[PDB]
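Residue numbers (UniProt numbering), protein chains in the order written: chain W, 3 to 309, 314 to 379; chain G, 2 to 255, 258 to 260, 263 to 307, 312 to 379; chain P, 67 to 132; chain S, 133 to 197.
Working notes, beginning with the structure itself.
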Amino acid sequence: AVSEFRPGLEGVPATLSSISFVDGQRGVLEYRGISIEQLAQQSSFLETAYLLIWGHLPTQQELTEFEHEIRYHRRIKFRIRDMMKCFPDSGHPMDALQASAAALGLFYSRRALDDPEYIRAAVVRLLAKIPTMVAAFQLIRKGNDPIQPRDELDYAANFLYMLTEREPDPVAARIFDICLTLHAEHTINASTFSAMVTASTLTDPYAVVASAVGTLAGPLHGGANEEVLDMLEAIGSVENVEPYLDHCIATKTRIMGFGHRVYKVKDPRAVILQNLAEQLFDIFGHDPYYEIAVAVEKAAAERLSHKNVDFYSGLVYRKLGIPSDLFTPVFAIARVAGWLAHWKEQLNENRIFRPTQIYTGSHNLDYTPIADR
Amino acid sequence: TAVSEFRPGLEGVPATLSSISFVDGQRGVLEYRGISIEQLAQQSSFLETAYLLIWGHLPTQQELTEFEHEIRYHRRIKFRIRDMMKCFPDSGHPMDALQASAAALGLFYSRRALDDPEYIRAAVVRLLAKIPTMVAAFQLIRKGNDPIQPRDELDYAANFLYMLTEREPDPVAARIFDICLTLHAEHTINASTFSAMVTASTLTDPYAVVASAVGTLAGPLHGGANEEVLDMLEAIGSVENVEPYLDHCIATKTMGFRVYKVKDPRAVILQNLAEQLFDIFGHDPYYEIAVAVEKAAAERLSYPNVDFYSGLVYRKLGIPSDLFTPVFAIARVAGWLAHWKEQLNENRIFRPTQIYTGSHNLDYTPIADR
Amino acid sequence: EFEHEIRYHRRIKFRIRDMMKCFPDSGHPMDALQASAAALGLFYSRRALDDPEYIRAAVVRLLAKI
Amino acid sequence: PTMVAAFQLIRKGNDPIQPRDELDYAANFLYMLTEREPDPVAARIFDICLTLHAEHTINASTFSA
Ligand SMILES: [Mg+2]
Ligand SMILES: [Mg+2]
Ligand SMILES: [Mg+2]
Ligand SMILES: [Mg+2]
């Protein structure tokens with residue numbers, strides 16, 4: 003119970019960082035000092051990733067070259083596909099991603115360290131291939147051949163095309179990218195911290211993404227996006243939205259929907275997502291569940307007056327046709343940009359992260375020959 | 002308000018309250034659940050030490066026998082896991098392969114999401130039993146050789162050596178390997194253990210936690226050791242060159260691989278183990294070179314003498330240099346599994362804060378402007 | 067003689083097992099048996115009832131391998 | 133020629149590059165190794181190089197054949 007000890011390293015700074023700023027008291031989230039809202043209105047995930055990773059907005063020549071490098075590296079090796087084919091059909095998709103990222107290491111890990119070329123090659127490879135790999139498990143698990151990357155399509159569209167084999171409406175592709183930019187970086191989140199610890203050892207970059215995938219996968223930091231859709235299924239009609247919440251008002255000690263709420267209130271990402279969803283639904287029509295969600299928001303206002315961005319995200323994904331099991335994985339595709347950016351920073355000044363413990367245990371015990379205890 | 006303090010690397014910063022391990026340093030003391038490493042090494046199996054760390058009580062015979070039986074049944078690995086390893090590149094780094102293999106193990110298992118105590122025991126048995134088998138498989142598969150099947154008669158250390166070399170180990174060597182495995186099992190909040198704690202705090206599958214930890218141990222700064230030590234011994238090339246070689250390094254260009266200002270208790274046990282193995286199974290030119298380096302080093306050092318020996322013992326046992334970090338993983342899985350259970354009881358998520366050196370309130374700049 | 071013949075033919079060829087490995091994990095077992103039985107035909111389909119032996123061989127192989 | 137290029141891709145884990153009908157013999161081989169169509173003058177130089185090594189009278193390799 004020492005004052006020095008804080009459970010969960012809460013309020014304890016782990017690094018000095020310039021990549022992102024979040025205030026709980028006030029809505030603001032900034033990437034390299036730029037408001038998320040401005041970037042969302044006028045940015046690409048790839049441009050935002052460059053800003054986060056290299057700290058400067060890209061020149062047109064720089065951006066176009068960066069996109070070209072990703073397009074050439076989008077495809078994945080046959081050996082990687084065969085391994086996924088070896089994967090269990092009912093295997094969890096996030097566990098599959100961790101294995102897939104590590105495997106990429108067996109090939110591209112041979113590395114030049116202290117070489118600037120190395121940081122960019124890994125960033126281009128990881129950003130380009132993690133989306134291709136996620137789509138391939140979805141197709142392979144069903145016995146379906148993986149849909150190859152199409153050079154003509156942009157990063158957001160290719161991911162959607164690889165999952166469905168149907169080119170996305172251009173407007174739909176834009177919303178997905180904005181969603182990707184929204185989930186790219188959120189300060190010292192648990193997934194980023196794991197990546198930073200893996201990085202501290204000076205391990206290869208592909209391993210750091212793999213360690214982060216494992217942490218994102220777990221439910222508390224893990225996407226809880228799937229839960230919102232299931233509850234929405236639980237209320238069959240817009241009618242009964244009011245009844246369902248009240249029975250839930252008695253509750254079994256549970257928090258979801260960004261319940262951890264490191265921001266105390268109003269994550270701004272959520273506000274942008276809700277607008278994005280409404281625009282998408284109006285163009286592409288309104289699903290019955292979506293109306294149920296809108297109703298849930300109206301009930302929330304009585305809850306809102308005193309004191314679910316993930317909840318908004320899942321709905322958007324479904325309209326775009328993303329499978330729910332792939333939702334935590336889509337977050338991984340965006341967070342790779344944040345993860346890579348933290349990796350470069352840890353490298354510039356690196357001390358291995360070795361913490362200390364408070365011992366609550368015994369001392370000076372003597373070994374006992376087995377005797378019944 | 003008040004001065005704000007930042008320790009780089011969370012150094013000296015407590016992250017958890019644990020009964021699993023104590024290292025004094027200075028006094029040179031390592032204790033697992035209150036028992037000296039020296040006593041455990043002399044009188045305990047890696048598996049017995051593993052029960053003590055994971056469950057916190059030294060086990061009873063009916064418990065040790067059951068635990069050993071459960072490990073033997075789960076020692077074998079699925080064809081799908083072996084086929085996936087065949088897909089792996091031959092030249093691929095062995096530690097990256099361990100990370101992928103453990104993560105894959107989750108796909109078959111992990112269909113529990115269970116608060117059942119059975120779920121924790123099930124993972125402990127599978128992870129401890131399978132990780133040694135998988136490491137052996139990559140070494141054989143990389144050379145195009147079929148993986149050697151586990152032998153029920155053989156114990157855990159012997160089975161690993163048999164799978165790696167295809168030849169039954171001498172009993173004395175197997176005991177030395179088990180003691181080495183017991184020695185590297187737990188060392189408080191290592192970077193690898195901390196990664197396991199942070200992965201486990203999210204409530205992710207245990208197999209994933211091991212995978213994230215294996216990536217952390219893989220890095221050269223922590224858990225990457227050896228190979229370089231032998232690398233140097235091959236380089237000196239003679240007892241005669243040792244006095245000159247050490248001086249050249251001391252004079253300029255720095258030695259490879263300190264946790265504490267006192268000698269690691271583990272190095273003390275390892276050197277005696279090394280001496281016994283070399284005398285019993287034959288000294289090698291490399292061993293003699295090592296002996297010379299240590300005597301020479303002590304007069305200049307009087312020393313990073315810690316855990317260099319492990320490579321020497323492993324080489325004598327015939328473990329390849331590439332697999333040395335992986336051998337450590339087999340032993341430290343027990344500590345990682347133990348921490349996973351302890352983290353689970355309170356399970357606060359790890360969300361540390363940051364100090365912002367960055368700009369604020371900037372505005373997007375159009376690309377055409379540049 | 068019958069029991070011994072059944073014991074000898076109990077083992078199944080690697081190519082069929084590889085075929086089962088190609089089969090979906092969630093696939094229904096009875097549908098899987100139908101594919102497996104039909105496959106045994108590709109390896110073993112030869113001869114005529116005129117051979118009394120052919121009837122005996124099928125009886126032993128099918129009883130042993132199914 | 134297709135086989136030699138195919139090993140080069142397989143060894144590095146890359147899928148083999150299939151022959152393109154439009155390309156001539158020298159160009160397909162270069163395309164198969166690189167995946168980029170060769171400049172024509174270079175394709176001509178490679179074709180001449182192949183002609184130079186095609187026959188050298190009775191030599192260990194021909195004698196074995
Ligand atoms: Mg973009
Ligand atoms: Mg923060
Ligand atoms: Mg700009
Ligand atoms: Mg000739």
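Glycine residues also receive a C-beta, built at the ideal position from the N, C-alpha and C atoms.
Asked, Found
"Which class does residue 140 of chain G belong to by DSSP, given the choice of helix, strand or coil?", "helix"
"List, in chain order, every chain S residue whose beta-carbon is nearer than 9 Å to that of residue 79 of chain W.", "144, 145, 146 and 147"
"In chain W, which residues lie with their C-beta within 8 Å of the C-beta of residue 196 of chain G?", "196, 199, 200 and 213"
"Tell me whether the stretch 32 to 48 of chain G and the stretch 86 to 100 of chain P touch, counting them as touching only if at least three CB pairs, one residue from each stretch, are closer than 8 Å.", "no"
"Contact criterion: CB-CB distance below 8 Å. Does residue 95 of chain P meet it with respect to chain W?", "no"
"So, is the C-beta of residue 118 of chain P closer than 8 Å to a C-beta in chain W?", "no"
"With a threshold of 8 Å between beta carbons, is residue 262 of chain W in contact with chain G?", "yes"
"When the Cα atoms are used, what is the spatial distance from residue 162 of chain G to residue 175 of chain G?", "8 Å"
"Within the chosen definition, does the stretch 173 to 193 of chain W reach the stretch 339 to 350 of chain W through at least 3 CB pairs nearer than 8 Å?", "yes"
"Could you run through the stretch 325 to 343 of chain W and flag, in chain order, every residue whose CB is less than 9 Å away from some CB of chain P?", "none"
"Out of curiosity, what's the CA-to-CA distance linking residue 97 of chain P and residue 86 of chain W?", "25 Å"
"So, does the stretch 196 to 203 of chain W touch the stretch 59 to 76 of chain W, judging by three or more C-beta pairs under 8 Å?", "no"
"Does residue 143 of chain W pass the burial test, meaning 16 or more other C-beta atoms within 10 Å, or should it be called exposed?", "buried"
"Of all the CB atoms in chain G, is at least one closer than 8 Å to the CB of residue 354 of chain W?", "no"
"Compare the Cα-Cα distances from residue 5 of chain G to each of W:3, W:14, W:10 and W:288 and report the closest residue.", "W:14"
"Quick one: what's got a C-beta closer than 8 Å to residue 104 of chain W's C-beta in the same chain, skipping five residues either side?", "208, 209 and 212"
"Assuming residue 363 of chain G is part of the alpha helix (DSSP H), what are its boundary residues?", "Looking at the DSSP string, residue 363 of chain G is not in any alpha helix (DSSP H); the run it does join, the beta strand (DSSP E), is 362 to 365."
"Measuring alpha carbon to alpha carbon, tell me which residue in G:347, G:366, G:264 and G:9 is nearest residue 21 of chain G.", "G:347"
"Under 8 Å between C-beta atoms, does residue 109 of chain W make it to chain S?", "yes"
"In whole angstroms, what separates the C-alpha of residue 332 of chain G from that of residue 374 of chain G?", "51 Å"
"Go ahead and label residue 307 of chain G buried or exposed: buried means 16 or more other beta carbons lie within 10 angstroms of its beta carbon, across all protein chains shown.", "exposed"
"Going by DSSP in three states, residue 253 of chain G sits in which element: helix, strand or coil?", "coil"
"Give me the residue from W:345, W:358, W:251 and W:159 with the minimum Cα distance to residue 52 of chain W.", "W:345"
"Any idea if residue 36 of chain G is buried or exposed, counting beta-carbon neighbours within 10 angstroms, 16 or more meaning buried?", "buried"
"State yes or no: is the C-beta of residue 244 of chain G within less than 8 Å of the C-beta of residue 301 of chain G?", "yes"
"Under three-state DSSP, which class holds residue 134 of chain G?", "helix"
"Do residue 67 of chain W and ligand 5 come close, with the Cβ less than 7 Å from some heavy atom?", "Ligand 5 is absent from the structure shown, which contains only ligand 1, ligand 2, ligand 3 and ligand 4."
"Would you report the Cα separation of residue 172 of chain G and residue 165 of chain G, rounded to the nearest angstrom?", "16 Å"
"Exposed or buried, what is residue 311 of chain W when buried is set at 16 or more other beta-carbons lying within 10 Å of its beta-carbon?", "In the structure shown, chain W runs from 309 directly to 314, leaving residue 311 of chain W without coordinates."
"By the three-class DSSP mapping on this structure, what secondary structure does residue 32 of chain W have?", "strand"
"Please report the residue range of the alpha helix (DSSP H) in which residue 204 of chain W lies.", "Unbroken run through residue 204 of chain W: none, as it is neither H nor E."
"Going by DSSP, what residue range makes up the beta strand (DSSP E) through residue 24 of chain G?", "22 to 24"
"Between residue 194 of chain S and ligand 4, is the CB less than 7 Å from at least one heavy atom?", "yes"
"Given a threshold of 16 other Cβ atoms within 10 Å of its Cβ, counted over all protein chains shown, does residue 136 of chain W qualify as buried or as exposed?", "buried"
"Measuring straight from C-alpha to C-alpha, what distance separates residue 267 of chain W and residue 261 of chain W?", "10 Å"
"Please report how far the alpha carbon of residue 159 of chain G lies from the alpha carbon of residue 328 of chain W, in whole angstroms.", "49 Å"
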